[PDB]
Amino acid sequence: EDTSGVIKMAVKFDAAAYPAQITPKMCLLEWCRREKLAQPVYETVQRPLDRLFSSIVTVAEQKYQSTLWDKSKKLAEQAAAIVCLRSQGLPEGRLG
Ligand SMILES: C[As](C)(=O)[O-]
Ligand SMILES: [Cl-]
């Protein structure tokens, strides 16, 4: 119904919570592929004066983003993928 604006959650990617190879970005890409959706599109947001990074991910016309800032583009993108999965109640590829 409504796919406008941005959906947010307070999330930060913790690599220790995930198996050696799988990441939230990979889980989200696979979910899109299984659902026959366009692959996720990531756009970086920066606060250069603080060396901070955020990412807004678009999946099925909806924007998702963490409320929190990260130390790199890569880390911000994993956070954005977590928001996308978690807000939808989807499995995130965690250990437990
Ligand atoms: C994917 As970008 C060009 O917003 O870092
Ligand atoms: Cl999970």
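Ligands are counted one by one from 1 in listed order, and the atoms in each one are counted from 1 as well. Heavy atoms only: backbone and side chains are in, while hydrogens, waters and symmetry mates are out. Residue numbers run from 1 in the order of the sequence given.
Atom NZ of residue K25 and atom CD of residue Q78 lie 6.0 Å apart, to the nearest 0.5 angstrom. Atom CD in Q39 sits 10.5 Å away from atom CG in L28 (nearest 0.5 Å). The distance from the CZ atom of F53 to the CD atom of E77 is 10.5 Å, given to the nearest 0.5 Å.
Taking a distance limit of 4.0 Å, we find that atom 3 (C) of ligand 1 is approached by no protein heavy atom.
Annotation for ligand 1: atoms under 4.0 Å from non-hydrogen atoms of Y42 are 1 (C). Shown in contact with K73 at under 4.0 Å from a heavy atom are these atoms of ligand 1, numbered in order with element: 1 (C), 2 (As), 5 (O). Within ligand 1, the atoms closer than 4.0 Å to a non-hydrogen atom of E43 are 4 (O), numbered from 1 in the order shown.
Between the side chain of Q46 and the main chain of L52, no donor-acceptor pair closer than 3.5 Å is present.
Checking only distances, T44 does come within under 3.5 Å of ligand 1, N or O to N or O.
Here the closest non-hydrogen pair linking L37 and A60 is CD2-CB, 3.9 Å.
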